[PDB]
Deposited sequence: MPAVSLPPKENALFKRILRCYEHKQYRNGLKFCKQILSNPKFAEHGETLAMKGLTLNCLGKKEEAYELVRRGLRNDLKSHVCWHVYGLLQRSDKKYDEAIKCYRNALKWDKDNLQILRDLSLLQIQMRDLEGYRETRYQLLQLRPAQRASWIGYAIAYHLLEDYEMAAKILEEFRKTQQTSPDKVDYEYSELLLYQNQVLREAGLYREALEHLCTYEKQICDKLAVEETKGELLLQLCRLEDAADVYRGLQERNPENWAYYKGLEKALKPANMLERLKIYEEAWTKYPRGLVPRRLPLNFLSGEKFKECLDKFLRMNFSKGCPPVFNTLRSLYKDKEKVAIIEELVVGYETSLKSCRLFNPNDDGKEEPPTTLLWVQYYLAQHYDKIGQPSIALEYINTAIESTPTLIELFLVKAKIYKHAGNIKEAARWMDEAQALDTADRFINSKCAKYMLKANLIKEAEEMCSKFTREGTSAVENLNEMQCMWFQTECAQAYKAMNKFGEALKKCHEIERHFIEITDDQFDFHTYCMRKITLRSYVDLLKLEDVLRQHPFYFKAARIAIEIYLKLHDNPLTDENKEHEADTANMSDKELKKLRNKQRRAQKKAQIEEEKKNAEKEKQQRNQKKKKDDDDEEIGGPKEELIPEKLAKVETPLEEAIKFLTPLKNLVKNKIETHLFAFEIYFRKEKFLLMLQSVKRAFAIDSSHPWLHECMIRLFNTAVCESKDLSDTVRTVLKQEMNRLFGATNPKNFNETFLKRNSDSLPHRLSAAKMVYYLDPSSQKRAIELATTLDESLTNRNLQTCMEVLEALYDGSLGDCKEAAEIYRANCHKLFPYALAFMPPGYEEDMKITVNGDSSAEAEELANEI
């Protein structure tokens, strides 16, 4: 009885009952043992059960009956050996996988996958002389892959900084167009060897005219020694390039085009923007615009200075300027609409994306059909910033509805990838559809939905359509918030925001065994988190003064793990312990000040002077925290402090002279 056992396994691999899937493909093998779909469906049922040492013996009895067949294809047989070699590597059998590879390496079309596993197996068997001659052959095929230089450093095994550079210094003379071997030495050199190696990197990219010379070097900007070398080098370039048309006033080459001075001012406009001096970043970028007023990259950076300085309405003005120049580039059109949505200009941004969409429909209706998740995230975030909590829930429910489409899109590939033997990529698809919702686009959409449903619990105001007014007028807001959290709690556990969002849902449901469970997982990630401290102070306080309305078997087990987490003190001495350990970090100082008012509302004047600290010895005294300190003085988290929330706004305006949050009324 075929086609009733075939589609039954087809919906069993969809719902992932691997013991019921292995029992179904076993009956298909004993009913149709001649077809190649019955063997490779039976071996995948053991690769997904992590039983590698029987899946390797079904791919062997299938392989020997395949090379003798007269209907053999050279590509469908090389993809079977490259998958059989992969089961041998996941079983830990690194010795007999290299023996299996070296036998069949001339029958395999993919020479990239053959050399990359052979270069990996010769490292785990300590054969580093033969391994470095594989990684030099891989590096000639692709001199832009980072994995082929870490394999050379693992095989040659250099000792000091001088012979480690010779791995990369050989690749300069052998590959004069490669950008990777001239950029990776900058990650580990230091001092004078860093300076003369960075110097030949910047003169190569300024004379060529590459706009992302900053976007490559951005990763090595978290250092105070290396920034002062770049800051003195490019300013020395910019001084001599407008006096003698040369990079140095002493070197003897031919003079430079006027394009070279334009690209050093373009570097020092993004340089001082990264440092945090937007007065000099705007001064350099305006001198560049007064030379070439039709260069689009000069307007994408001026709009990026104003966004970092705090003026998103001025930043959206220059994104509208840059798209006017070229109206076929969809990048400067899609980023302009992204800056319109950040300035709460929804209708202005819809006419923007209407420039690049279908004629016969709407602008937001087409982007929902084209699975545009970056547009339905910034629209969901902007509707939340305009207190349109019903419209924002429509876009967060449409992003979640996109992820239901993709897990059902794998249904037409279980049969397709058994007719075409492509078994390595098919198994990587099945493992992807288990962890699909750990994509960053799901977390930033589920965060907005839970934060709206937390506000609708504090202060209450074909397929089926989503109406915005029916969504916000829901009778169970925390039960709709737990549906956005259930996939995050399974797949995204490395983030501290997953367990702290689990706290706020269960704190408003008075389930203390789950509030203890979530706060214990978040403590093992970053115990000095400012948001974590506001959760356990609110946990310890509702166990001291709220000790009567609990069960007896619950209240006895609770107090044991609290004293394991902090010393034999009250919640008030846990705030002073937290305040003293890290008092030079501004976000922790606001988290301590908001709790010293929560424990007792009579100490308001000490709470204000804690949060309004603005000396330069503080850490993270940037715009995004001072905007968060000021909005805590408005929302009543530190009491009625209207007089204190205005001397702070005038103080933060001297630090950030461009932001709109500190503008005087």
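Going by the record, the unmodelled stretches of the deposited sequence, in order, are 1-112, 574-637, 842-866.
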